[PDB]
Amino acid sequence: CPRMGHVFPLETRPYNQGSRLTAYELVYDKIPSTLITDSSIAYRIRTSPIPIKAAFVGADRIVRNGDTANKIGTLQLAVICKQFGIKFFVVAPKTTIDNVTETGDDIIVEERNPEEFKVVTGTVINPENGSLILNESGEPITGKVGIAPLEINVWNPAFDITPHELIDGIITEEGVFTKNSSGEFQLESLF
């Protein structure tokens, strides 16, 4: 029988949900995992000693035709999965269904302050020896470092839009929705 043996979460710039939060939950649950850069998906697929057989993503808004707003990078992961023949699934509750908006082109996409891209928040590290810096009470300290010039313009969309053509299945509490022979999702039961 097939079984899952490993998880490859993406760092997920710029907020770093993948490295700071997902990697944390995976360690907590003791699930075998290796964190990779967002840029490493293609090379990871090509070299993985364990075949990658699926990507699972969440959603922020699934509209009537199944087009999906999710974290910036999701469309890109979908494209890479298409190119490498890897099944790509959106996983989300009915509460994440928009039953009014018709298609992905009509979704409003938050763009965030450029400083959230140019400045990285993390726990302070000793730049000489690499240990955690602890405060008087022995606790880790939050710190920020700048990783780009003041002068550079940045693009900081919080989400991208994955068209339904790239989504193999939408997985919910009500079951798994897939496309009919016309390439259309039928989500009416979730409206």
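Each residue number is its position in the shown sequence, starting from 1.
Once the C-alpha B-factors are averaged per stretch, 128-136 and 153-161 rank with 128-136 first.
The residue among 71, 87, 112, 118 whose C-alpha carries the highest B-factor in the deposited model is 71.
For residue 47, the recorded CA temperature factor ranks within the middle third of the chain's modelled residues.
Ranked against the other modelled residues of its chain, the C-alpha B-factor of residue 182 as given in the entry falls in the highest third. Sort the modelled residues of the chain by CA B factor and residue 108 lands in the highest third. Residue 57: CA B factor in the lowest third of modelled residues in this chain (values from the PDB entry).
In the PDB entry, a CA B factor belonging to the lowest third of its chain's modelled residues is recorded for residue 25.
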